[PDB]
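The chain that follows stands alone, in the form deposited in one PDB entry, written as structure tokens.
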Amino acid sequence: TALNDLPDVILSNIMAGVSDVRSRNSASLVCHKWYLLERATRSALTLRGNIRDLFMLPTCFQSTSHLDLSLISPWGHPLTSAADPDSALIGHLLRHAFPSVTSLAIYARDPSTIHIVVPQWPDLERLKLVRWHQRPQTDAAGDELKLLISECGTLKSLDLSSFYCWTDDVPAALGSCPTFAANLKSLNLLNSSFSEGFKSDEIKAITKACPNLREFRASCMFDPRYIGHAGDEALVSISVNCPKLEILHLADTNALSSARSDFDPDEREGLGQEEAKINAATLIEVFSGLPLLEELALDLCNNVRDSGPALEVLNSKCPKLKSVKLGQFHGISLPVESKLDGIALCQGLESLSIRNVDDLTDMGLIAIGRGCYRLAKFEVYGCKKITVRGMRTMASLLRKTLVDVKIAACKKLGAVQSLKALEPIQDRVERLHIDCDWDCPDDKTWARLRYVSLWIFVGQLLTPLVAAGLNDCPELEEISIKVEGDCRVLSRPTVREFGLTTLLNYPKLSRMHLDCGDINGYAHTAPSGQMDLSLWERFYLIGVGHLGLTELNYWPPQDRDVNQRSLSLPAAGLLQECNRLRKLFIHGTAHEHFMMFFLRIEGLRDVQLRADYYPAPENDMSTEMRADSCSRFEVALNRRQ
């Protein structure tokens, strides 16, 4: 029998199993019946278009439950402005095109955008606000956030992890309506763009207003040098006010930075390295107050020492705990003789992320591996005393379950040492991160390795990677490379290219992230005898056309003084040679002349300039991006045939 003769119910069921958007688009072109099934089955839509032609919006997506309006071109452009009275129509427009929206993501450039678009769906359940631009001036705090509180509203999840605002705006909005704050079952405030995190009083007010929070994430300030820093009282108030918490993620803002120079105690000029206002007894009380906790994250930029007893209490008082992430928590594993202690007693953990533990040694790693025998993901950052022997033995202990390993900033564990340590799980590991450190002193098929993340200092080469041990990866499909450093002090590279052609060693590689955004250099003018960022972009992007990449995310290096991340001529020219590209996202700026280079790529469909960093370019005057240039580029790309 053929597929068309099947009952329509199972046709809907089979079509609902197709989550790939490209294949759904292909399936909608088969026949009228397939078209109707796809249109009535599609559940999530990320809108792709320009602000100008929003009134050319199709009405065929009447069944989408998740709508993402945050990528409307031009990226970050105000969706609704008070300068145009017809902007209100946009609200109705959206409300009529997607009447079944329960989850909404929207770029909230202006308060009017929120006030007009968000209240359109009374049945809205999840809301995500995105804003990387500057905060518009309001009479009081949280005036724009107060626009979320609708009469027929029932918002349950609020996500502000990418919405830049003042930390005073959240408690002001949450305290203005008890019903809105009480209905929230999730609250994400884990935003790295805050100049400073939430104060102690702000955390207390937020938790007091929201007694039903099941998930709570926040960027707080734990540095005791500042006045109002979150400490023991804030954590106790969190535990008291929200007894139903299942996910608790508290982090210092600096701990959320992309650059390691902002949170690593060693790379900061003496910053950090001082005790925080967090005691072991305080943590014991907090953990006693949270019986339903399932995921815990305490990523601080100040030391918390002798925290072993609290983590021992975690095992007995939080039976549902599965994931733990610790930042600068010391004394986590201090085994004596052979008795386990500390985090080694949390046998129920499934993933564990560790950062900056001075006490940890090889025996500590052995204890963690022997105790947490259910561990499936392990991440260790900045441990100066662990070596290849301890990590290798820990990997052998967890060989049956460990499939995700990250080893970063470990002084005695370079690339070669990390790859030798991960040998017992070489045929089972699926995700892997190493630091491309080639200066560390002192049957090989990665059968199931699928994703490799690399961190490398600016000016270093990628060629030794194959010699490091990562040689035969038949299933490797996506590689993420992050480059960080200050190139204003380096001379010109003696070797012409960074060595992306090395990645030709992997036959199934098709997706890449090349994050050079944390390279600081000179944009358009160097003082004397110096090299601008165009030279480094050429150095890093040579050979990218030889790879058979179909998706590429590129982060151009920035000039911190001028605050620009412009694409250069070599960068555009080298990205132009990638014929097989399907999606190309550049996280910077580029003017019309360089953007028009990408029309040569025949198969290119998704191209966008996404300035998803703080602060984003405020207007067309401050950078080389223009709305007309974006519109012309979009028109030229769509009409290609």
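Superpose the two forms; the largest set of C-alphas matching within 1.5 Å is the rigid core. When you see a residue number, it is the position in the sequence shown, counting from 1.
- In the deposited entry, the stretch joining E337 to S338 is continuous, with no residue of the deposited sequence left without coordinates.
Absent from the display: the form deposited in another entry. The rest refers to it.
- Core-superposed comparison between the shown form and the other one: among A182, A281, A467, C152, the single residue whose C-alpha moves by 2 Å or more is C152.
- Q530 shows a C-alpha shift of 2 Å or greater between the shown form and the other one [criterion: core-superposed Cα displacement of 2 Å].
- In the other form, the Cα atoms of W121 and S150 sit 3 Å or more farther from each other than they do here.
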